[PDB]
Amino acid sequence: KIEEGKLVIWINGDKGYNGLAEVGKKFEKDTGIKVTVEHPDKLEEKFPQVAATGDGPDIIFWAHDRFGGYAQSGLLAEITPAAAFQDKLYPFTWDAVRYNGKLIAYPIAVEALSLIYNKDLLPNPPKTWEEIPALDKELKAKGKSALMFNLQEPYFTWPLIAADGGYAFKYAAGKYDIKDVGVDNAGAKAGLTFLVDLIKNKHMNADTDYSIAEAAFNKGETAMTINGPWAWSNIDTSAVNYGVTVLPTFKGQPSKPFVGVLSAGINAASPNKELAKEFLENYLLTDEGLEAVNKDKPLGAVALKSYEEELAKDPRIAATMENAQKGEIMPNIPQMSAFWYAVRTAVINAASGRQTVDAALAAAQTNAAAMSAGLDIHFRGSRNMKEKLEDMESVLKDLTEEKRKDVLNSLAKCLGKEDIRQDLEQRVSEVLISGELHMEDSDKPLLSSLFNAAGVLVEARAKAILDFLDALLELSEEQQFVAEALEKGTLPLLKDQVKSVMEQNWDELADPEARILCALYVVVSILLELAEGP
């Protein structure tokens, strides 16, 4: 449980949490209610883990792209602010927090990555990505890097990947199409290829992360970085005389950052909903409140019309909003987790060399499609699921490699084919009762694999296979993408990413989103154990 008569608030540690704590102090000074502001690591992952059980903070701050998924998991109070209040904020900021017609969070501010550059080492920043290698040659001689930004998070590399035609989910005639993922197209490949070539020609280093890139820019070691408004506070504190401007173009097309809208959601399990509503509407989303947070670390273009009039003078905000216009506001749908986890890994592996660009992206397309279908819960019709999978894996490890390969054959054939799966289930069931094989079993290598070398049925094996087929039934379109992952040998990636998207730790096996993902995880896990070997 969460303590009544208090507010706990989680916000990311790159944002202005101290400023927010100031707004919480003022809230205490008026209403007598303590406000604790914490900033956990892996906040976006920690919240759904914790909040699934009925625990966590009262208010959660993150960009709006995570909030649909939280809403689908029943983790968020509906927010219902008065029309009087709604008019005080920019309409498009309310759109970003509107999921399936209901509002699921208060918008706070618009964030967009811009090119930040050291005016002392680079008076005129490049208008194109294509210039940057030459410019790094020139600067490397002087003892400086042209460009350093965080390659570990795809938020930062996505503007390049999207530039020549990458997209997450196609948006055509008012609707996103979950089935149409744009990670593996000519455009995305071009953009990612450029980034890898940058790394291959020692213009950037693949292990560069947020910390490294920030320190390098703030200590004068590098001429350009890519970051968002929150970063400007530490650049100010340092010596550097910096500009904020448009991102460079790629193939003569603008970089398209995914724009986020920092948002505050109320935990559905909080006993303090009215208190939290009051804090957000009357203390934070006021000129005094936002100023407190913005002075700590800049929010970007705030959602409160009145305080944005003050910040719109700043040329760094005009730059932020130029890039915002050139990019796209992120979708808030549940499938965004799937997209981001697929792309996080494609980019890391392509940069490191663990995978070619073409293969890294082909895998991301497949895994995103699979997880996106799994997260789509609509229009579908005695033991822990953790232990069950442990039992199943145990049994299929005792098999020989030929037998493993033969089981895999039959199960592969079921993927996407409800008739074949139904048949195999009937067969495995009869065999389990009868104890013996019939003539029609003679062309199912799986049924033979249920029998040990003595010609006796191993009941455990038949039961394991039945469990697999039950899990398989729970799945829908995701089956065809599990099949792709198996063919292309990228199951280990799918497995890993499925586990991230569950958010809850696999102890989730002690909600339809959870049923489908549990099943998806079991199917991927079993197919992998068969294809790879324990």
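Residue indices: 1-based, along the sequence shown.
The stretch of deposited sequence separating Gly381 from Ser382 contains 10 or more residues lacking coordinates in this entry. Look at the C-alpha B-factors of 226 to 234 and of 269 to 277. On average they run higher in 269 to 277.
Per-stretch averaging of Cα B factors for 521 to 529 and 19 to 27 places 19 to 27 on top. Take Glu308, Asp391, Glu130, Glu328 and read off each C-alpha B-factor from the entry; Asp391 has the highest. For the set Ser114, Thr345, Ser263, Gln426, the PDB entry puts the maximum C-alpha B factor at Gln426. Residue-level temperature factors show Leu473 in the middle third of its chain, judged at the C-alpha atom. Per the PDB record, residue ranking by Cα B-factor puts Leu494 in the lowest third of the chain. Residue-level temperature factors show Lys295 in the highest third of its chain, judged at the C-alpha atom. Residue-level temperature factors show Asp398 in the highest third of its chain, judged at the C-alpha atom. In the PDB entry, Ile516 places in the lowest third of its chain by CA B-factor.
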